[PDB]
Amino acid sequence: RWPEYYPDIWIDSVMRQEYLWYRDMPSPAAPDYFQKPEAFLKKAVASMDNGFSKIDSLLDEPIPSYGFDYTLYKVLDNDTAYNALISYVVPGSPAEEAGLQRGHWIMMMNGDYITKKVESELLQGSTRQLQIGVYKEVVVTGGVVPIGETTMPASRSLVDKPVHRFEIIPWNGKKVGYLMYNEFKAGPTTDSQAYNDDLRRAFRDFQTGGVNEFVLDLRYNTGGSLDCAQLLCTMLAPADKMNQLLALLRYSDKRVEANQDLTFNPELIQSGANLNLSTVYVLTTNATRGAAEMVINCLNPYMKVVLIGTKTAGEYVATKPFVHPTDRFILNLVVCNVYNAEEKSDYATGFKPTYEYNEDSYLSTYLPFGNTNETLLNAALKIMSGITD
Ligand SMILES: [Cl-]
């Protein structure tokens, strides 16, 4: 109706220049200078963009937190109450100092139940007193039973490292490398390789230990950098694949200059080690996304990749970050296709697992990462040994 806008908004410009699917954006509508970037984005993306592109805030530091992730389960006959099952504890966090571990359940906070009203108090706050429990079975009935209490310090701004857990497991005559790798991130700062060097260090330890089987746990890995992914692949692959094509990054017809052919590149190994493996077991959930899915797609043609868990996210294109000049947000925009050596990325809707295991259905084996009875790792160990068909 009104106003009558005259015939310059950054987000529209960065997208029309850099977006993989710029040709499939809606036609230039009437400008809306007050709309949130989120709202602009949702209306401007191509229909193929199923939440791949997204807006993220530019923060001075990570939002403070206690350092744990969880899932709520309704309490026995309490109307408003829930128990919080811990799924991940950040190293060096208040949660870890509290003595908390994956598989612990938070049952009370300072003598009060956890209700939907107070759920956000699990994310951050002051020092808290917690009643903690564990899932127990009795012969068969199961439930969360209290086992004790602890004091959790106040939340604080935390940095979580991608190399989350490491182990070498001897198992039925095999030497099994286990890696819980949670984010494709090279280092804490813009040009740091610190985490990639942590990854190399783990692979050097794996080679020293003579690992000949491998379980890569990407279950909560939401993605990140393809250069991290190239490094990881290069170190898992069979040794006769060095220098072969791994990934074909293909941008739009306006950004041909950016196209790249990534190989299994042995000069990337540096202080790490190639493990010369023929099979890899990859643990997945719906959270497993992007770069994490690229690893699966790109290793598929070259080795036996066995997927255990639940279907992956389906993010078959790569995003790159673009920072607004003044408004402090980041546009994570789809910029390229990422084909494997067979010229394919045909996992729209996600990679279906080879063997489906929902970790939430097996509460008695919801255990710390790397414990061999932990559901998804146990499955892999059984499958490689022929215990599970
Ligand atoms: Cl953990």
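Numbers here are sequence positions counted from 1. Quick note: numbers below take in every heavy atom, side chains included, and nothing from hydrogens, waters or symmetry partners.
- The cluster map of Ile, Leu, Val, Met, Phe, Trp and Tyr, joined by side-chain heavy atoms under 4.5 Å apart, puts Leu58 and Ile11 in different clusters.
- For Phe184, the ring-ring contact (aromatic ring centres under 6.0 Å, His included) test picks out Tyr181, with sequence neighbours left out.
- One distance of note links OG of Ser126 with OH of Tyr66; it measures 5.0 Å at 0.5 Å rounding.
- Cluster annotation: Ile330 and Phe52 are assigned to distinct hydrophobic clusters (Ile/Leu/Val/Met/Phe/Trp/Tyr, side-chain heavy-atom contacts under 4.5 Å, transitive).
- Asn196 is listed as a side-chain neighbour of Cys228, based on a closest heavy-atom distance under 4.5 Å.
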Please lay out, stage by stage, how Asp261 and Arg250 fare under the test side chain to side chain contact (heavy atoms under 4.5 Å, CB included).
-> CA-CA 9 Å; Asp261 288 342; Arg250 302 294 187 265; 3.0 Å; yes

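- Note that the CG atom of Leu299 and the NZ atom of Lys241 stand 11.5 Å from one another [nearest 0.5 Å].
- Of the listed residues (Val282, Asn378, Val215, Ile383), just one forms a side chain to side chain contact (heavy atoms under 4.5 Å, CB included) with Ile308, and that residue is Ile383.
- Under the 3.5 Å distance criterion, the side-chain polar atoms of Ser157 are left unmatched by any main-chain donor or acceptor of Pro64.
- With no hydrogens or angles considered, a side-chain donor-acceptor pair links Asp253 and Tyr22 at under 3.5 Å.
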Apply the test side chain to side chain contact (heavy atoms under 4.5 Å, CB included) to residues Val145 and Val134: give CA-CA distance (whole Å), side-chain angles for both, the deciding distance (0.1 Å), then the verdict.
-> CA-CA 6 Å; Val145 303; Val134 293; 4.2 Å; yes

Side chain to side chain contact (heavy atoms under 4.5 Å, CB included) between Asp160 and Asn182, worked out | CA-CA 9 Å; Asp160 188 36; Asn182 211 44; 4.2 Å; yes

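- Considering only heavy atoms from C-beta on, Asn172 stays 4.5 Å or farther from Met384 through its side chain.
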Would you please test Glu315 and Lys54 for salt bridge (charged side-chain N to carboxylate O under 4.0 Å, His left out) and show each step?
-> CA-CA 12 Å; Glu315 190 172 285; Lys54 61 198 186 63; over 6 Å; no

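- Just one residue in the list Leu130, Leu85, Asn83 forms a side chain to side chain contact (heavy atoms under 4.5 Å, CB included) with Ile106, and that residue is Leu130.
- Under a 4.0 Å N-O distance rule, the pair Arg128/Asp112 does not qualify as a salt bridge.
- Ionic pairing of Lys320 and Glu18 is not present here: no N-O contact between side-chain nitrogen and carboxylate oxygen is shorter than 4.0 angstrom.
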Do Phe351 and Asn300 pass the side chain to side chain contact (heavy atoms under 4.5 Å, CB included) test, and can you show the C-alpha distance, the side-chain angles, and the key distance before you say yes or no?
-> CA-CA 11 Å; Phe351 280 111; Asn300 265 333; 3.9 Å; yes

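- For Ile63, the CD1 atom counts as loosely surrounded, since its 6.0 Å shell holds 12 or fewer non-hydrogen atoms of other residues, nucleotides or ligands.
- Connection of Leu367 to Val90 is not established within any shared hydrophobic cluster, with ILVMFWY side chains joined at heavy-atom distances below 4.5 Å, either directly or through further cluster members.
- Contact annotation: the side chain of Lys116 approaches that of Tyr82 to within less than 4.5 Å [non-hydrogen atoms, C-beta and beyond].
- Using a 4.0 Å cut-off between charged nitrogen and carboxylate oxygen, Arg165 and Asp217 do not count as a salt-bridge pair.
- No side-chain heavy atom of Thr263 sits less than 4.5 Å from a side-chain heavy atom of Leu246.
- Contact between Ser93 and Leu158 at its shortest, heavy atoms only, is CB-CD1, 3.7 Å.
- Test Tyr281, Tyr178, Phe166, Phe206 against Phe214 for ring-ring contact (aromatic ring centres under 6.0 Å, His included) and you get one pass: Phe206.
- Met15 and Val256 fall into different hydrophobic clusters, where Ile, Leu, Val, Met, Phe, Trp and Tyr are joined by side-chain heavy atoms under 4.5 Å apart, directly or via other members.
- Residues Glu374 and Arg219 are paired through a salt bridge, judged by an N-O separation under 4.0 Å between the basic side chain and the carboxylate.
- A donor-acceptor distance shorter than 3.5 angstrom exists from the side chain of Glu293 to the backbone of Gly314, with no hydrogens or angles considered.
- Side chain of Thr312 to main chain of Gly350: no donor-acceptor pair is present (N/O by atom type, distance under 3.5 Å, no hydrogens or angles).
- Ring planes of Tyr88 and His164: parallel class, angle under 30° (limits at 30 and 60°).
- Proximity of a side-chain donor or acceptor of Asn274 to a complementary backbone N or O of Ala237 within less than 3.5 Å is detected.
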Decide yes or no on side-chain hydrogen bond (donor to acceptor under 3.5 Å, both in side chains) for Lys311 and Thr349, but give the supporting numbers first.
-> CA-CA 8 Å; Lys311 183 147 92 141; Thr349 88; 2.8 Å; yes

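- Here the CE-CD distance, from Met242 to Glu267, works out to 10.5 Å after rounding to the nearest 0.5 Å.
- Residues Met303 and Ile296 fall within the same hydrophobic cluster, defined by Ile, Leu, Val, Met, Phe, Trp and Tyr side chains chained together at heavy-atom separations under 4.5 Å.
- No side-chain N or O of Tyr220 forms a donor-acceptor pair with one of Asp69 less than 3.5 Å apart.
- Side-chain N or O atoms of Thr310 include none that pairs as donor or acceptor with a backbone N or O of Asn358 at under 3.5 Å.
- With a 4.5 Å cut-off on side-chain heavy atoms, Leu331 and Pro37 do not count as touching.
- With rounding to the nearest 0.5 angstrom, the CD1 atom of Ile86 is 4.0 Å from the CG atom of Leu100.
- With respect to the salt-bridge test (charged N to carboxylate O, under 4.0 angstrom), the residues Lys185 and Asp227 do not qualify.
- Screening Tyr73, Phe68, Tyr70 for a ring-ring contact (aromatic ring centres under 6.0 Å, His included) involving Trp105 leaves a single residue, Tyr73.
- Inter-residue side-chain proximity for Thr319 and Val334 is flagged as met; some heavy-atom pair is nearer than 4.5 Å.
- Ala84 approaches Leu72 most closely through the heavy-atom pair CB-CD2, 3.9 Å.
- With sequence neighbours excluded, the residues satisfying side-chain contact (heavy atoms from CB on, under 4.5 Å) with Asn340 are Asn297, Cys298, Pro301, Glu342, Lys344.
- Environment of NZ in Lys254: crowded, with over 12 heavy atoms of neighbouring residues, nucleotides or ligands closer than 6.0 Å.
- Although no hydrogens or angles enter the test, the distance criterion places a donor-acceptor pair under 3.5 Å between the side chain of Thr150 and the main chain of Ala98.
- The aromatic rings of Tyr5 and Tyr33 are tilted relative to each other, their planes meeting at an angle between 30° and 60°.
- Counting heavy atoms from C-beta on, the side chains of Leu232 and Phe203 come closer than 4.5 Å.
- The main-chain N or O of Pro266 is never found under 3.5 Å from a side-chain atom of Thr234 such that the two would form a donor-acceptor pair.
- For the atom pair CG (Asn276) and CG (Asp240), the distance works out to 7.0 Å, reported to the nearest 0.5 Å.
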Report the C-alpha distance between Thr151 and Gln129 in whole Å, list the side-chain angles of each, state the deciding distance to 0.1 Å, and finish with yes or no for side-chain hydrogen bond (donor to acceptor under 3.5 Å, both in side chains).
-> CA-CA 5 Å; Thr151 302; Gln129 286 301 132; 2.6 Å; yes

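- Remark: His324 NE2 to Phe329 CZ distance equals 5.0 Å, nearest 0.5 Å.
- Ring planes of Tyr347 and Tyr316: perpendicular class, angle over 60° (limits at 30 and 60°).
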